[PDB]
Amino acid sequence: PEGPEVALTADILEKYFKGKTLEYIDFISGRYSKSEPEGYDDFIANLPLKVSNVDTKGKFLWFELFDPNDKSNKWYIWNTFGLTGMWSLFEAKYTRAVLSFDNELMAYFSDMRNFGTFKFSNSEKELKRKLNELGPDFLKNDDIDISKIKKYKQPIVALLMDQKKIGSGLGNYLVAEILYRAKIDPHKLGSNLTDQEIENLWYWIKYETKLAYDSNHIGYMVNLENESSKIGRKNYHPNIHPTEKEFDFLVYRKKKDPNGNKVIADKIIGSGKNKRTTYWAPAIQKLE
């Protein structure tokens, strides 16, 4: 899941749990099964608490809770999905966390690979500190200045994959689809892009994120597909109007692009577990 999936999941989470009373959380399997997340014990001891919001910034999601009997007791649930992390209203296969609310309400987080993370904290300061680690939300921020791209002599694919330098929310498929639409070669250094290309790139980031966010079944949040179509969408990037009804991969994991050009499954950024495969068609994307 990338920026859009996280945001749409938060939206759904708020629809069902905002204002509800959380009573407990169980980590029944996975990485937290035996060793609970940081702050878990203190958090459990302070439950029940009501949920006031479920917000996101890029790929980062969090629950904000408060204590109905102590205005000063505020708590937060930090969450990152990882490659296989999914939220749902039913106990799906590979459920790792089970959130029990009052009045029959239940939420679940599934994660076959166990890359998602959890953390509980009662500090707004730490939350603000954490949010400073992320750049503007490429999907939610409609007035982002990406001219900072010029100050970097690094492949543009690395700059867009990074969550701090220019903005947050872009993943391996969004960056590939966006660089294809902007006809820019992944290896092109930021400092070598023209002001025009910058403008053009900005346009397509808004375009793709919005298309992704408005979709109902891209595939990375299948446990919420039924609910995805039973809820609306916020109006991010208002002045951009994608023509397609659903997000479709033009090069991401494709052997050829729409026209017929070949797509290179190029491994440009990352090391070890962080290495990712960038898909691009040399026919369309040039270093110019």
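Just count from 1 along the sequence shown to find any residue number.
On mean C-alpha B-factor from the PDB entry, just flag whether 201 to 209 or 150 to 158 is the higher one.
Looking at the record's C-alpha B-factors, the answer is 150 to 158.
Quick one: higher average CA temperature factor, 187 to 195 or 103 to 111?
So the stretch with the higher mean C-alpha B-factor is 187 to 195.
Among the candidates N226, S33, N46, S52, give the one with the maximum CA B-factor reported in the record.
Spelled out: the listed residue with the top C-alpha B-factor is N226.
Compare the CA B factors listed in the entry for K57, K256, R233, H237 and report the winner.
The C-alpha B-factor peaks, among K57, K256, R233, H237, at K256.
Give the position of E177 by CA B-factor within its chain, expressed as the lowest, middle or highest third.
Within its chain, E177 is a middle-third residue by C-alpha B-factor, going by the deposited values.
Hey, what third does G39 fall into on Cα B-factor, ranked over its chain?
Tercile = lowest for this residue's CA B-factor.
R276: which third of its chain by C-alpha temperature factor?
It belongs to the highest third of the chain when residues are ordered by C-alpha B-factor.
When the modelled residues of the chain are sorted by Cα temperature factor, does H217 land in the lowest, middle or highest third?
For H217, whose C-alpha B-factor we compare with every modelled residue in the chain, the answer is the highest third.
Test of reading the entry: by CA B factor among the chain's modelled residues, which third contains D248?
Its C-alpha B-factor belongs to the highest third of this chain's values.
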